[PDB]
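> Partial complex here, more coming in a sec:
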Amino acid sequence: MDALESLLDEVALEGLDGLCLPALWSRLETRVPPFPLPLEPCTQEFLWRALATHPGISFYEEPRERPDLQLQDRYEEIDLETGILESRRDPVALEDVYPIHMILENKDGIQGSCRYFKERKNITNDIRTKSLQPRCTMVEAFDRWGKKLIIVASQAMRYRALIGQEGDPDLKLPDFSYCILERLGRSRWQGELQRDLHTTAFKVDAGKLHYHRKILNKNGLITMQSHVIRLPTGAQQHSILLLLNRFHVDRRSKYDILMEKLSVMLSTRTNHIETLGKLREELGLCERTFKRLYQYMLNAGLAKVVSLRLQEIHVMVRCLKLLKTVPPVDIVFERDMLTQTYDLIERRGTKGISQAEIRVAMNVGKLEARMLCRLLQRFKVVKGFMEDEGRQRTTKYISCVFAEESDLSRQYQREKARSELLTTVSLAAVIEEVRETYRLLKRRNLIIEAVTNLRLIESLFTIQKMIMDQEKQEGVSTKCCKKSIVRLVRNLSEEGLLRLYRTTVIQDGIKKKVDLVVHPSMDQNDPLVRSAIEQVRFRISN
């Protein structure tokens, strides 16, 4: 890319927040591919004239001086063991130069983040004539305004810098989705991690960031990778890396580069077998690193656990072997769509059909099938039962001919009555007290039984394990999440059907979270919870 365009591109790769003059030189000096000129003081005046004479660039005075940029370099890019680790090595999270303040619903359609967008004033006509002749030298401009001078490229230039030449300018994005893309852009070759965007850039639910990121993936403006953060804990964290397509580079990983070497080694060894120790010794690896590689190769399905006698390799020795529904409805001329939809639902009968499965069967839009379901419910001809499958609490719809006799009805009615029994049987180191569907009522009832039969239960894991086995005996393929249980236990706490007691006990230099759950009939002073604390501290003792 040409030097003069690389300048204007760098001005446009910052967002609507723009650049200070010292930031611009810092951006050019840190550019990849390298900036062609030496950026001498005379050159800085030449480039300043190239900005002032360009009609798309515009200049503002902001109410307060901006901070200077940090060394942005995100990654370690070294190791003392074989290879190198390019995991994120955290700089100090100093005060962000570019805090997110989205320009919502703009009548001119310009978009981005700018904390001063309503407060800064244009000084274009002070820096240049309307004939685009520059009125100030760079040194005069920086003397007069300093960091308060802010350079911004036109929206057309900024959006182009995000989509490249192959990208389509006609595509409008939601302001939040654009501000994600703009937040990627200013990161250049080292994209923002999705973790960090929702945690500290946008400060939102991970669901919100994912949802708004969807459109950027759908139109293909960004590239997705898994990436690794090396914490000061020494443990290392998985997170998503977002790279704007211009800046995409396929990032490798220590375990990836080392598993390739093991794959090359085992695939070039004509047996595809070696003992773990030699697989380590040929790479100089420690067992702590290598056991990850072994289990990754196994979990990738590339290899199999094998053991052979030493006389078979030439005492048993551990080795690795490498090895690698509803039919569509024909709409009739002669009946209305409500009649025809009811005819469908009766054909399904006792099992019912979902709104999404109706939609596909009826060949209608999402909003159209929604109105069909709404009307038939309001007409009282069809009845709706919630059913949890996968991640989704769908509704299944059954006609009132079969609804009462449906399994969904019968199972739900049993668990409702069983719940009414189990509720009405209720009686009339430093502990802290915390603040419908068939399967959901089953899980509620099972916990209420447990706290009724065992007035204390020692951990949320014990609750989960019995629930997991109970659902597995029923044959449920999904596996119950910890958060689902603890949110469920929170619901029962607000209904007052149990207490959950939490603390950390400390013993022999180690600490354990306790998370006792007890029947409401006892408070944290009861000898039973004290006995539970003691017997936990006992088994935690060295």
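Happy to help now that I have it. Numbering: from 1, shown residues only, chains lettered A, B, ... in the order given.

> residue nearest the centroid of chain A?
residue A:206 (5.3 Å; Cα atoms, centre = their mean).

> Contacts for the helix or strand that contains residue A:443, please.
In the assignment (DSSP states H and E), residue A:443 maps to helix A:438-453. The contact list for helix A:438-453 (Cβ atoms under 8 Å, 6 or more residues apart in numbering) reads A:386-388, A:408, A:411-412, A:415-416, A:418-419, A:422-423, A:425, A:457, A:463, A:466-467, A:470-471, A:476, A:480, A:488-489, A:491-492, A:497-498, A:517-519. All C-beta atoms are positioned from the backbone trio N, CA, C, and that covers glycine.

> Next: stretch A:49-69.
A:4, A:7-8, A:11, A:18, A:20, A:22-23, A:26-27, A:94-95, A:97, A:116, A:119-124, A:126-128, A:132-136, A:145-154, A:156-157.

> Now the buried members of the residues you listed.
A:7-8, A:11, A:18, A:20, A:23, A:26-27, A:97, A:116, A:120, A:123-124, A:127-128, A:134, A:136, A:145, A:147-153, A:157 (16 or more other Cβ atoms under 10 Å).

> what about the closest residue to residue A:171 other than its chain neighbours, distance to residue A:177?
Sequence neighbours aside, residue A:219 is the residue nearest to residue A:171 in space, at 6.1 Å (criterion: Cβ to Cβ, 6 or more residues apart in numbering). Using Cβ to Cβ, to the nearest Å, residue A:219 is found at 9 Å from residue A:177.

> Looking at the two, which is more packed in?
Neighbour count, other Cβ atoms under 10 Å: between residue A:219 and residue A:177, residue A:177 has more, with 20 against 15.

> Assumed the more buried one was part of a strand.
No. Counting by DSSP: H, G, I helix; E, B strand; the rest coil, residue A:177 falls outside a strand, being helix.

> For it, list the residues it contacts.
Residue A:177 neighbours (Cβ under 8 Å, 6+ apart): A:212, A:213, A:215, A:216.

> So the first one lies in a helix, does it not?
In other words, residue A:212. Yes. Counting by three-state DSSP, residue A:212 is part of a helix.

> Enumerate every residue touching it.
A:174, A:176, A:177, A:180.

> Name the nearest of those residues relative to residue A:40.
Nearest to residue A:40 among these: residue A:180, at 37.6 Å, using Cβ to Cβ.

> next up, chain B:
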Amino acid sequence: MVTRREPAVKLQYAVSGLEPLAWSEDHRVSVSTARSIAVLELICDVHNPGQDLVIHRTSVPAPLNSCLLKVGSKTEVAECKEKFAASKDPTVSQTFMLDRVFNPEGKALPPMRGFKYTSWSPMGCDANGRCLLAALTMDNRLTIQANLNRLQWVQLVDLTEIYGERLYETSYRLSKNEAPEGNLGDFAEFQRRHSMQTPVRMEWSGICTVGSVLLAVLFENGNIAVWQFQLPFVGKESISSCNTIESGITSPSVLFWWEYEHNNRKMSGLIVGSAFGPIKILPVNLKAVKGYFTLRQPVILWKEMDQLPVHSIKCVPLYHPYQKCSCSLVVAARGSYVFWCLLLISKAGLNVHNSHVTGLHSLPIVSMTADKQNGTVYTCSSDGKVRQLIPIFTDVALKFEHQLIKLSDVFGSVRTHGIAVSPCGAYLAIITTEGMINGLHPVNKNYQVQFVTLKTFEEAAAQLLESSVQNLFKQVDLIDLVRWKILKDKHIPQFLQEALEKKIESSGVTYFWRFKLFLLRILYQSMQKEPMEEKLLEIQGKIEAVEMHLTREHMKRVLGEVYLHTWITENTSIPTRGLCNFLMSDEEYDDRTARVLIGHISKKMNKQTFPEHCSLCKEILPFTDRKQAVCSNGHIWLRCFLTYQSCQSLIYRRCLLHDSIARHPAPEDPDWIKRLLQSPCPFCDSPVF
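Let me put chain B in with the others:
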């Protein structure tokens, strides 16, 4: 032969208007759509290894303000509109309230600001060497658009605005004695003043010789306005005339230019087709240019008035093998049929033959394209059939033989809203949409542009070797087929290499050296951009060698013109002695013609140095190397690849491929280098802009 090319292009907005896809001589594809014109620019990218079509995307925005055709005073028209809308006659009142020409915007009417039609000019019409885009909205705003910088289209002129004023200044009379100033308060005269300036369709002429181009605009009442533009077109300043000819054709549907040559005599006319069926060529009786001349009397191509609307017209120059003379073939889409007519000047004057090629489609033809080099016709209908239709010469006139191309086999069940063909017939571009799925309607509609290969690589390679036009940019669509093969197979196919070496040996014109440079640069990209490192160094050495050859030939031609015009003793705009030194620098090339030329120049050159100075220093630039100049302070200035002057200006020109750079001409430059600076890029023949 027909297979899909990899990138489908997504469109954000509904495809809109008449015959909505076109492919310019400049390899920009425009689709007219409800909110923009999307322009797809095909680049033979030499900087990346990706096998897809490298499509750069730009768009013309739809206008923000609705267009009112001027029919009277602002108050006089307002009282008339009230009169008609309030009329108690159902016919007058509903004719006013339904017809959108009288009602371009309203309280509950959707604005018609999307595009009705688009036409691409010939090359060389823009201020750069490029073509202009004529764009017509559905509210009858006709505009001329250009992309002067790469990023943004700008409107150069609105022709409806000018024509409305020029009609108003003549009280809507073309001949001032011929009609009264009829009262606007009469619905027939009211309708007429709208009808007489509502554009249907428009087409550009070829380049008339100073260059000029005509634009003919067809109006609903059968008037045609022939605009004349001076070139390069820069706005209202370049509009040399507007003249209106009364075709008299009722309900004219479509227009095309006829231009033809026999015995080196130029002739031309306008061919016009009615929505009610007939087709006629008008003599263009009025024009100002002296080199052209015009047909003497109208000829009727189809007379029947069968009410099959003439939806499209195309024509192609041919040479008839048996009549042993040049002839023009006209093809016109008429309902579901293709009408064809062959026009042949002879001693009898025009000899004319016509027929309908029949059985092509079971629905009306929605678009048509002509392969200008062969007369191959393509035709399309919304059932997704596309039919290739080959003209076969007959001892007199023609026969047409045709075959379906199964888009089903490449895209599945699909609707096709338009087709276009690349200037060399390399690709067919198709506006595809979701088709009927086993008789069900698709739930959601999403327009796309998709491309299919019309030619094999071997035919594209052969046609480039035997190319009569001998400019790569005229043939980007063929060298893209060659490019795709090289990137796919990571080697240059041997027969192409051998044949190209034979051409370079036997002819050696710089076109073949440019073709070699293309193959080698695409080869370098193919092999992942230490035997691979040794191979990379080898072929990069070959690129540098042929790149150096093309440089010497251009430098020789530049000095081979400095010698011809009056000696620029002030050395004003060419580093003449530096170029002479650079050419003499090696004895490796024996060309005595250069070595004596630099002899004659160096004999004639001044002993005064007149050196080039670095503007950041006022210190000399030595002229060490082709690409760039440097000074002791370390500044680096690119050199103009057309004149080797250093591009020290804050704005300078860049090749379409960014392979080369050029300086802007200045008033101090003599005419001959102001002409030299209009040359295409010496390495890639692309516009340097």
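
> picking up where we left off before, after the helix holding residue A:443, which helix or strand is next?
Next along from helix A:438-453, by DSSP H and E: strand A:456-457.

> picking up where we left off before, can you tell me how far the residue nearest to the centre of chain A is from residue B:630?
53 Å.

> Can you give me the neighbour number for residue B:93?
A count of nearby residues for residue B:93, using other Cβ atoms under 10 Å in any protein chain shown, gives 15.

> three-state assignment of it?
Reduced to three states by three-state DSSP, residue B:93 is helix.

> Might you report the residue contacts of it?
B:84, B:85, B:86, B:87 (Cβ atoms under 8 Å, 6 or more residues apart in numbering or on different chains).

> So which of those is surrounded by the most neighbours?
residue B:84 (18 neighbours).

> And it, how far from residue B:69?
15 Å.

> how many other residues sit next to the residue nearest to the residue nearest to the centre of chain A when sequence neighbours are not counted?
With sequence-adjacent residues excluded and distances taken as Cβ to Cβ, 6 or more residues apart in numbering or on different chains, residue A:206 is closest to residue A:198, at 5.0 Å. If you count neighbours by other Cβ under 10 Å, residue A:198 ends up with 20.

> Among the contacts of residue B:93, which ones lie close to chain A?
Residues of the contacts of residue B:93 in contact with chain A (Cβ under 8 Å from any Cβ of the partner chain): none.

> can you pull the buried residues of the helix ranked longest in chain B?
In chain B, taking DSSP state H as the definition, the longest helix is helix B:531-562. In terms of neighbour count (16 or more other Cβ atoms under 10 Å in any protein chain shown), helix B:531-562 has its buried residues at B:536, B:539, B:543, B:546-547, B:549-556, B:558-559, B:562.

> For the closest residue to chain A within the stretch 251-400 of chain B, give me its contacts.
When scored by Cβ to the nearest Cβ, the stretch 251-400 of chain B has residue B:384 as its residue closest to chain A, at 19.6 Å. Each residue near residue B:384 by Cβ under 8 Å, 6+ apart is listed here: B:407, B:408, B:413, B:414, B:415, B:416, B:435.

> Can you select the buried ones from those residues in ChimeraX?
Applying 16+ other Cβ under 10 Å to the contacts of residue B:384, the buried members can be selected in ChimeraX as follows:
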select /B:407,414,415,416,435
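
> one more chain, chain C:
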Amino acid sequence: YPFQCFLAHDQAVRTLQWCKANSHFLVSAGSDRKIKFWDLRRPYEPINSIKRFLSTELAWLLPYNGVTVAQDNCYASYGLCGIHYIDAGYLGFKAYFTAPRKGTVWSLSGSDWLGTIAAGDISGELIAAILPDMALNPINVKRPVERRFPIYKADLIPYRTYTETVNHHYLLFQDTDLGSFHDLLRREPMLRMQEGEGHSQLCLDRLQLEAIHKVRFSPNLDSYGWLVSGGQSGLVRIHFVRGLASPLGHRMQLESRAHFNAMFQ
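Let me add chain C to what's already shown:
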């Protein structure tokens, strides 16, 4: 074979009306639930597309610039389904809700001579409605219910397939006294209709044997006040709307008789 075809709708085009006052214009509605007005000189873009509920039939009464629409109820908000007049767009009025209906209106017919409209429902009711002069803004029509009346309603009276329904039910046709509309809003057929509107629930466990499928006013000046209708029963019924027949129709019938008898003999 056709001279012209164009892809009017993205889904089955269920109904057409061609403009009487100027035949350059046509309207169509399709099961994409758009009403599209067309200029047949310029078919590439409709004059106006209005997205609406799914519609079964259209009527274009000569004197009014817009079209009156009969809906299939499957996408309308409950209590807002029925029959709407929709201006083609220059006057810019909102849609005029001429009649609420619970069921789908299967068929619609505008009498040009009467300026009234008649509509048949799967409820088995036939209503008629008088439109206001739609050159004038409908929002002033502060109580549209005074402008509509039932012609008849068919009830099944006990006595999924035809024989099982016919063996166990009969059709009670209840006919309005169309002789005059005095005290209309207090007469039992209007109360019966008004208790039908909004509140009544559609029946889906039967053949719909009462449903009315076509309605047609006479286009002829002779019999201009007559209507015919028929439905799933295969019965076809004829009615004279005596209250809308009028002295001007008699005046015009006799003068037209005289002119006709002079022209043909």
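
> Re-run the earlier check on the contacts of residue B:93 with chain C in the model.
Contacts of residue B:93 (Cβ under 8 Å, 6+ apart): B:84, B:85, B:86, B:87, C:21, C:65.

> So the fourth one lies in a strand, does it not?
When you say that, I think you mean residue B:87. No. Under three-state DSSP, residue B:87 sits outside any strand and is assigned coil.

> Wait, it touches residue B:96, no?
Yes. In this structure residue B:87 lies within contact range of residue B:96 using Cβ atoms under 8 Å: 7.5 Å.

> how about the residues of the stretch 51-200 of chain C that lie near chain B?
Near chain B, when you scan the stretch 51-200 of chain C using Cβ under 8 Å from any Cβ, you find C:62, C:63, C:65, C:87, C:88, C:89, C:90, C:91, C:92, C:93.

> Need phi/psi at residue B:342.
The phi/psi pair for residue B:342 (degrees, to the nearest 10) reads phi -110, psi 130.

> Number of residues surrounding it?
25.

> Just list whatever residues bridge to it.
As for beta bridges, residue B:342 partners with residue B:329, residue B:353 under DSSP bridges.

> my guess is it meets residue B:397, correct?
Yes. If you go by Cβ under 8 Å, residue B:342 and residue B:397 touch, sitting 4.9 Å apart.

> okay, and the common contacts of the two?
residue B:353.

> residue of the stretch 151-265 of chain C with the smallest distance to chain A?
residue C:204 (5.0 Å).

> Please disregard the earlier target; I meant chain C.
residue C:74 (3.6 Å).

> Spatially nearest residue to that residue (excluding sequence neighbours)?
Here the residue nearest residue C:74, using Cβ to Cβ, 6+ apart, is residue A:337, at 3.6 Å.

> now the helices for the stretch 151-265 of chain C?
Assigned by DSSP state H, counting those that start in this stretch, the helices in the stretch 151-265 of chain C fall at C:162-166, C:188-196, C:247-263.

> Show me which of the ones you listed has the highest average neighbour count.
The highest mean neighbour count among the helices of the stretch 151-265 of chain C, using mean count of other Cβ atoms under 10 Å in any protein chain shown, belongs to helix C:188-196: a mean of 16.

> What are the contacting residues of that one?
Taking Cβ under 8 Å, 6+ apart as the rule, helix C:188-196 contacts C:102, C:123, C:125, C:127, C:145, C:149, C:150, C:153, C:174, C:176, C:177, C:184.
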